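# Descriptive analysis of the structure
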Amino acid sequence: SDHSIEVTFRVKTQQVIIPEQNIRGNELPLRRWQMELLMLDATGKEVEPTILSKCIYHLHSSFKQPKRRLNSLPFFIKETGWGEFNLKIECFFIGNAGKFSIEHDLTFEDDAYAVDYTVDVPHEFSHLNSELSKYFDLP
Amino acid sequence: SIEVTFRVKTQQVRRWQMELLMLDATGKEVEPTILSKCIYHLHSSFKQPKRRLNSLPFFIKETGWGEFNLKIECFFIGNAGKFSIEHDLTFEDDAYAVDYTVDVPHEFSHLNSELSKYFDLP
Amino acid sequence: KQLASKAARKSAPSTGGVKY
């Protein structure tokens, strides 16, 4: 939109098999995994996503309180499980300027990986703009 | 404008079935009673590709061999507007469901009368 | 809530405490 700009958000994921586990050969290892949502500034650099007021990790429903609300930075979550799954990361702009959803795949193929997502961020509203203008040139 | 989730349930054993449903306030699958018509825009190789279903349930039975992308055109009641769902037909699962979040107009009195049976309005 | 397929799946990559 000519009333929005493109902003890249980054999901940084980590996971490791928990050491010292008593598991048989046909049984799944438990892993400590973690995810954090960052923002890319105009240079390509990781910065705090200060244009978001709230972030929700919609975990797989086998977890309990699977709707994990994060009302403040940092938008970090860590957890223990055995399974890979796709999750909604529901992100809310500051200034009540709207929301978007990132569909992120939690996978255990690497020790750490990052995935980038492009979003249309509105640049018409004043309160969101004062924060956006710290990272991007707005029309 | 409020958010309503439309869900397409596809089955196959190919005798494949599709049925457009919607999620109510609790997340239970219910028939999309907020829709006038629901046309399934099949692939051209089928005869009479446009399948107009004037009444509920919006449920089709068909036999085929290929996997195609399918337009599910949905009209709101009281001529409140249109929207299209892009559903891909696949065969490596005997059954699956896919959700689609749609913006529904909140300024058509006839449409919100049926909308109000299920959700609260702004 | 009845789940759609994408949110419903949970999958396991490997068994055993061995990193592949």
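The scheme used for residues numbers each chain from 1 in its written sequence order. That scheme is not guaranteed to match the entry numbering, and residues without coordinates are omitted from view. Starting at A for chains and at 1 for ligands, labels are handed out in the order in which the entities are written. Based on all heavy atoms of the structure, the side-chain values leave hydrogens and waters out of the count. Residues with missing side-chain atoms are left out of burial classes, side-chain pairs and their counts.

This entry lists X-ray crystallography as its structure determination method and reports a resolution of 2.4000 Å.

Another aspect to go through is the pattern of salt bridges. Proximity of charged atoms lets side chains of opposite charge pair with each other. Residue and element names in this part refer to chain A. What counts as a salt bridge is simple: a side-chain nitrogen of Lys or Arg found within 4 Å of a carboxyl oxygen of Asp or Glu. This model, assessed by the stated rule, comprises 14 salt bridges over all chains. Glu-131 is paired through a salt bridge with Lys-134; the nearest N and O atoms lie 2.8 Å apart. For every residue, the accessible area (1.4 Å probe, protein chains only) is compared with the maximum for its type, and the residue is labelled buried under 20%, exposed over 50%, or partly exposed between those bounds. Given the relative accessible area of 55%, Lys-134 is considered exposed. A network of salt bridges, in which partner residues are shared, links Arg-10, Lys-12, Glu-46 and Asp-116.

Next up on the list: unusual backbone geometry. A cis geometry characterises the amide bond from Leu-73 of chain A onward to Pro-74 of chain A, with omega recorded as -5°. Under the scheme used here, helices are H or I runs from DSSP no shorter than 4 residues and strands are E runs no shorter than 2 residues, and both carry numbers assigned from the N terminus. With respect to the helices, strands and loops of the structure, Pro-74 of chain A is situated in the loop between β5 (67-70) and β6 (76-81). Here the bond from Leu-56 of chain B into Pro-57 of chain B is cis, since omega is -10°, no more than 30 degrees from zero. With respect to the helices, strands and loops of the structure, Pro-57 of chain B is situated in the loop between β5 (50-53) and β6 (59-63). With phi around 65°, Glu-20 of chain A is a residue other than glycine that occupies positive phi space. Within the secondary structure, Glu-20 of chain A is located in the loop between β1 (4-17) and β2 (31-40). A residue is classified by how much of its surface remains accessible, and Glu-20 of chain A, at 81% relative accessible area, is exposed.

Before going further, it helps to spend a moment on the sheet that holds strand β7 (residues 85-93) of chain A. All names here are of chain A. Should DSSP find at least two bridges between two strands, the strands are regarded as paired. With respect to topology, four strands assemble into an open sheet ordered β5-β4-β7-β8, the strand pairing being antiparallel. Each edge of the sheet is formed by a strand with only one pairing partner; in this case those strands are β5 and β8 (99-106). Between one strand axis and the next, the sheet turns by 20° as a mean value, whatever way the strands run. Of the strand pairs in this sheet, β7 and β8 are connected by eight bridges, and their pairing is antiparallel. The partner of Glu-90 across the bridge, within β8, is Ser-101. Working convention: axes come from line fits to C-alpha atoms, limited for helices to the stretch in contact. Angles between N-to-C directions cover 0 to 180 degrees.

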